[PDB]
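Below is one structure, written out as structure tokens; comments come after it.
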Amino acid sequence: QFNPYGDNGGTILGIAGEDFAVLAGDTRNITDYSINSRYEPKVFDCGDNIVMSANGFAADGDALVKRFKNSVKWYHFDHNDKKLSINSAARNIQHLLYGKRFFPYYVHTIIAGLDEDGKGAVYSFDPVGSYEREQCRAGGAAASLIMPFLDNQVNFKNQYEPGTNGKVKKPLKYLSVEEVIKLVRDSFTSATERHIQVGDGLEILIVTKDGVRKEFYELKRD
Amino acid sequence: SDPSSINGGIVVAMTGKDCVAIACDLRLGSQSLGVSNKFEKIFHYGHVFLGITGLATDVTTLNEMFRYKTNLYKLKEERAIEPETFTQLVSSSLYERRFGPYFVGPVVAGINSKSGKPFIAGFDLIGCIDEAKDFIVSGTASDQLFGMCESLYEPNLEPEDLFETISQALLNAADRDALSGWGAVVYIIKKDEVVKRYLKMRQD
Amino acid sequence: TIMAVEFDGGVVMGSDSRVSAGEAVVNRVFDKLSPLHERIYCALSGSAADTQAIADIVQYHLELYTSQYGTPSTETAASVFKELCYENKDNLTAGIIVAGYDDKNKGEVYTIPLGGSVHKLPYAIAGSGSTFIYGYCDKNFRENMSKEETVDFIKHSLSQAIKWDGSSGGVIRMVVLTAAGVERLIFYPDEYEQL
Amino acid sequence: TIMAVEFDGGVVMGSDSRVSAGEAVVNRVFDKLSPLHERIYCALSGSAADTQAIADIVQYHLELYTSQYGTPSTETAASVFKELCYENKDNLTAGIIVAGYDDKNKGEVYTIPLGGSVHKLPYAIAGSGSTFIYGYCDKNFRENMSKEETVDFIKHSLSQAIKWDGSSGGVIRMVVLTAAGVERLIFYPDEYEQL
Amino acid sequence: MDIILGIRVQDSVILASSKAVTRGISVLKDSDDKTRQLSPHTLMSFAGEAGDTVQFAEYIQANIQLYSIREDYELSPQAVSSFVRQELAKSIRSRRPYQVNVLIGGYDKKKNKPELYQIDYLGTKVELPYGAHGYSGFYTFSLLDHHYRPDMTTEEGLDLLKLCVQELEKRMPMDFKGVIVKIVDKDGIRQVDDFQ
Amino acid sequence: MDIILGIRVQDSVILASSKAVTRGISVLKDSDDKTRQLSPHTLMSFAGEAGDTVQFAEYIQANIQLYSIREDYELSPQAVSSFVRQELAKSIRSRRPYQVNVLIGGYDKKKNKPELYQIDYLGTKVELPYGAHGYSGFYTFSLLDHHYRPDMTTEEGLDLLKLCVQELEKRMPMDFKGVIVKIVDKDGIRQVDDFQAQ
Amino acid sequence: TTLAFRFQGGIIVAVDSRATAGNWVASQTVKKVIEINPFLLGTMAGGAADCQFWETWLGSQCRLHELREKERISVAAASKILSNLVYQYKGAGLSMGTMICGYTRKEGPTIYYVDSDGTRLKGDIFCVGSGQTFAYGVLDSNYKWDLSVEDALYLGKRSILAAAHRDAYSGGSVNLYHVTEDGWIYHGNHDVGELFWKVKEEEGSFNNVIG
Amino acid sequence: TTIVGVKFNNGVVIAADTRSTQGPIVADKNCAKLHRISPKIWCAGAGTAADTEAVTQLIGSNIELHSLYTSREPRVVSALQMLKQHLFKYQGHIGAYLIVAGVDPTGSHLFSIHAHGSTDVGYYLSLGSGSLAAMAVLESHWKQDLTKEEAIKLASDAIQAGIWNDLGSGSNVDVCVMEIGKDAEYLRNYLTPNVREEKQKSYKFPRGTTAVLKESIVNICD
Amino acid sequence: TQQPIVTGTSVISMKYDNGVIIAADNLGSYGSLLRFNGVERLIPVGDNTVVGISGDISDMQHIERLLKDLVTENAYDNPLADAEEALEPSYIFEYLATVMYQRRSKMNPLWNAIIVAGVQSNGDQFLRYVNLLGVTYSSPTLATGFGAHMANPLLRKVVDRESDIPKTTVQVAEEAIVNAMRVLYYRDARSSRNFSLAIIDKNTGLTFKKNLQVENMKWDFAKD
């Protein structure tokens, strides 16, 4: 019988700074045990300073990112060049996803940008459009490997002040863009080591008030 | 259905400078229902430590079985079993039930009393030996532990440090697993002495 | 068991005469060669219902074509079959060979297997009995044979397919398409079995 | 694709050289003609595991036969294969041809299909690729051919079976069984494809 | 399922067991004792598949009684639970496993302490302050996580049961026809006849 | 299943209906009224699939209430039962049938006689002296077969139910949390508020 | 794990904050309460998308009722829109268990349980989700009508903590709401992480854990 | 897994990758798949890892016993006949797939065994998820009359095709060389082309970071 | 939902300094029977694009007709059909990618793997893959069916990453492609000796090579 879904592997990771946000993914695309591409980008600049990745079944990923980019173009036409706030993006994607509730997009999607107060923001979505804003989130094949590390090193979970008898929690003092990239690169060197569907390339898109910058790093190719 | 997913539970072992460490959660559940907050998964036979994860009736049975086999060993050999040897006994004991196996993921830790070399190993339920120098992970949050250990672990950690590293790897991986947590215990093993510490952790 | 072969004077079409329902022979003297125009024939293999429904629709399409645009090419006849078999592939179990003679391109043979694909060929074999005669047909087919050699090649080929395939039997019917018109040939067991 | 043919001199056994795991070729150059005795050989088709395990047991039984009662007949070798294949029919997927030569009876060919049945035949085809050469083999085999005629009849036969069957390919090996003894023959693609 | 509770207080173990026996559409009996005395200071309650339940209880009873006469000695509660777990642990990998869950409430005369053992049909043994088998657990565990103290008297422990049995009469879909209650303490096993 | 009882006496019809609503392992409510007033002298009790039960009841109600205003007149119990039977008999051959069983108890002011109709989810209708739906009937029919008389007073009718509910509290495995009891007579519909120990 | 109960002092609403994908813990920082209007709360349990999308859609339909009829929508009529919606999707595989909790002058304080089966029930006490039984356990054995706001808030919090502890598929934190004549008041987010130890000490309960 | 056998003019070499996986997860970044049945008869397996290891040790122990019993060097056709007859008995329920290479008094040999008890022979073989990638390198570069240095090069390059193009295979290359004259030589980590890059950050926690309820010394002695 | 009947095996492809190369054997299989030996699976569109198709052959002939129509349609009211507004590889690919994904979404797929190889009007090499699920990717080497498993490993030794494309000549890349086709004949049971090859070079244009054969096979080691 024909099966309308596949799994093209890969992994994504959003982290929110005070006045910036990063969305990063690997650039590897796989089927079963074969590599399709070592460099097939998966994170996208959709404009109005929003970046988006729809990781999972790459076909449902490409259809969704396509339909959102078109939502952004028609929002400009229909509302006199007004800028699509990240919160408004999120809700629009909810409707995009939920419209296919009984034949879903097999993707876990994240978006990053700035809210209307200039603070960094990360929204993440289940395949049928459940969504929530968050400080950080990893999605895809290695999500179960990285999310625990993010809890520990981004949100300081299970960590306390030395010699306070585990009564004073470590304060949430917040991360610089240099420090966030360090955690992202380690998060991917780790996933690449322990997940066979992760490697080849790491693409990071950084969103500040001055726009969208891209960084690229090699990863192991086994 | 899946015997390895009824009760839940996790074990992890790490090596350090002249020392090993082994930790487990304390949860014993029946699917969604947590039942006991006091079910230890780490046991010892002399100076060889075994953690077990999986179906809790097999965790109990295997412990009783290795105590039996290690007691007879000691009476005949006139010395305690060593980690390298115990690992081979666990391996062969599991492969013996090949077409009816114990639904467990065992983990051995200890220091060879002669050589003083730190040693850890892990097994699948039919007894394949996974011998790594760095760390060994098992249970319903094995995915999360793999990611926590890979990131956090550096070689040649002093016992005091290794204690923070294994504790942080367990706590954070357990908090991302429905079927693990409900308290944890951590053994810090050196040639001469062994310290056992209960960790404060989220009780949900 | 059905086949068409492209020779010097035109093209030749042959078939067994068996209609079966399981292992019961329903008719042992059926005619599986059906005319679509004056010089264009089809050979039917598969479901009796599915093949007969299709042949009737193609016939209609070529009678309407003729009324409007004069004589259709053999290629055209094949394209109508292909279109029906391709678009209804979920509900059809038909294998069809199409053989035609005009004065421009002389003899042509087209084959439309289960999927709905079209294959132009010097000769085509099809049906259950065909599996047994691939080796024979491939070692024995030549281009630019005579009418007498081509009838011989097809008589022998189908003879072996009837012998080996329990889903084939009876008489061998043939149709010869040349400038001169349409010639109907029959060969009975007593002639072809002793080859 | 495997066959044996009974000629004047004695008997010839042929096979392709293909071992496959679905559409993957595991080995393109495998020998499927194993000796049971000095001038008795078997040709194997079916499961690799099942045919090897049975070939080894037949061999063991004929080595013990020879120790106690001397030279076994071909009939006797066929009989042991039958016995295994029949009594273990529920667990075995193996189709076996046995060809041997002694000085009283000369050349003999036995075939043992999935049933566990035995059939003594002038020639024998078996394996996936045989379906395509039934017509060609029936039409081209006659009694009391020479070694060279028989090597040619097999060469052409397996050539066709390889060309049409995707489960068959590689080199044609043959083994010639005469009063002289055993002669091994191999034929590479560049020879047999251009037939 | 049938209702099988137990709770260990300061100086005793209390077992509460439902009195209903139902087959398809009819309650056949409304006064059923889902308990066997194993030895004068050890009591086992049980619930599960129809015949298995008593057949397993009586087989254990026989064996512990035999041991008593042979050694003219009462096995500790720890020893008896260990015996029972091993029988079930064998049972699960046999041709037709015993489908029976049990609580073992005992008073250890050596240590002068009550002990409550919860054991499922897989041979999953654990010692608890309070335990339950089947759907009961879902209501009674969080209830007793609130209202349980370790130094409670036998009287405070009966009150604590009344509170569990009312919650289950209110919120559980099965009419289980109330419970028979037994106390296991230093003087042995007695039945509270007046829980109605 | 839930408990749906009806019994027709001399001058009234008495419907008795379980107060329990149970999803899976939790009794959610213990005071459910499994009945809608269709007209001032016609009452319908219902049990079946979670959603369909009330959706069907309230739909019938609206239609009967509409008919009442349009004709300024109350349909006979016989007429209401025939309307309801036909609605179900359509539902049974539709894409997703209403899985709802009903009793209709009504007092016909033209005939001056009480009437009890039992109708299953297929559109099977019958007039009965006493009726039941689900497992309840396995006990009550043989009970009433013994203790029923057609000339009974409404007061006797209620003792005959108290006898049916005790038998069900004894022998059925479900806790159905007792019954709500309604009388339909020449004076309309009233709820017997003291059945908790009558 | 969600609950709502009615008492002398209005309504108490308490919910956990955990999202699961089987045995994977997806989040511990989730809102399970929709604030529909200053006097209407909706609770979410079941499919994450199904709850969020349709309780947001209820929010729109309620606003549309205010513009049209120049009147705040009744709890009865709000519960019945969601009820009637859900009923159209019956058999299709929607999954939601929800309490519509609100105050109108006409109705007084009112709670409606509505579930994806079509079931719509008025009541004083509901608990909804995988954790419901754990919550009922504590709630049903401490409930009176005559509790103080302070005590009723606590019982609601303490009943979610209870289920957070035992139910593997509940936890993170307790969100608390109080619904009066003057609308809903939010009584804060309480991380089970720190709440459990503060309660176990102060209350002397949870004796089963070593601490 | 990727394993290869290559015959050369005076013996035979085998090679394997060093990656062990639990589903999509890399369990051991460097595990030795190269085992000895006897001093000059080596083994490499794929399929159920407990089955390959277990079946290797059993035939290895029986071969030792047989060696002592006949006062003769173990032969390869013995290890072959024993594996074959054992795997066949268990109808493929023992998920062992092996390449066995070795030298003995009769010459040098290269065979392969599948779970059902089929055996293969050839001048070059391969097995595992990396089978097809390795076989493509072998089919392209193999020639008759290979030297030792050429056969190590060819077998090593076949394992790389696996490491790079197969998700089931990676890390380093193990090689065993068995020459007819000399002792078998085992080159653990012959190639290490997948070294992890130095992390961006040290994750050493300040001491006392973890909350401890209860402490106690454990008694190991009497 | 269908099942493929007459089917074609691996299409293999790679890009080199100045263009792209693509090849595919001339076989139409019918299960295990090697039925049709005259089948072209390289479809040239204009003079800057070749489309290689694997899988169901009837669905291939449908995509053949769709591409001829696309050439016709583009000529309509287009006095620049042979200049600035000629069809591109990127244009032809995005159409097929659209159509494949719609057909999977209607649960009636075209049972194919397609590689579109070409040179764009600005000289850039174009190589991209789409199949019955609508899944798409690019890589300096692409292959379908068996060729993903055997060809990609061999062609990746010549071009591992993007930086190697300016270092690879037509000679080196064509040689790698003909070698890969030989290996596939050795090890793919549904393969043929007879194959077609196409080169799209930004200078020499479109070279389309018919009736090629795998030569220089090693079988001689067999006899022992």
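Observations on the model:
Just so it is clear, A, B, C, D, E, F, G, H and I label the chains in written order, and each chain counts residues from 1 on its own.
Following the convention adopted for this analysis, a residue touches a chain if its C-beta (ideal position, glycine included) is under 8 Å from a C-beta of that chain, and two chains touch if they have at least 3 such contacts.
Among the chains present, the centre nearest to the common Cα mean is that of A.
Between E-F and A-B, more C-beta contact pairs are found at A-B.
Between the Cα centres of chain C and chain D there is a gap of 37 Å. As a whole-number value, the distance joining the C-alpha centres of chain A and chain I reads 34 Å. Taking each chain's centre as the average of its CA atoms, chain G and chain H sit 58 Å apart.
Residue numbers of chain I whose C-beta contacts span two or more other chains: 1-2, 33, 146, 149, 152, 186-187, 220-221.
The residues of chain C that reach two or more other chains are 131, 134, listed in rising order. Each of the following residues of chain A touches two or more other chains: 34-35, 144, 153, 158-159, 166, 186, 193-194. By the contact rule set out at the top, the touching chain pairs are A-B, A-G, A-H, A-I, B-E, B-G, B-H, C-D, C-I, D-H, D-I, E-F, E-G, F-G, G-H, H-I. Taken together, the chain B residues at the contact with chain G in this complex read 5, 8, 29, 31-34, 37-38, 140, 175-179, 182-183, 198, 200, 202-204. Chain F makes touch with chain G in their complex at residues 21, 23, 25-26, 28-29, 32, 49-52, 54-55, 96. On chain I, the positions that touch chain D within their shared complex are 29, 32-34, 146, 186-190, 193, 217, 219-223. Residues of chain I touching chain H in their complex: 146, 149-154, 156, 179-180, 182-183, 186-187, 218, 220-221. If you check the complex, the residues on chain F that touch chain E are 20, 22, 25-27, 30, 135, 138, 169-175.
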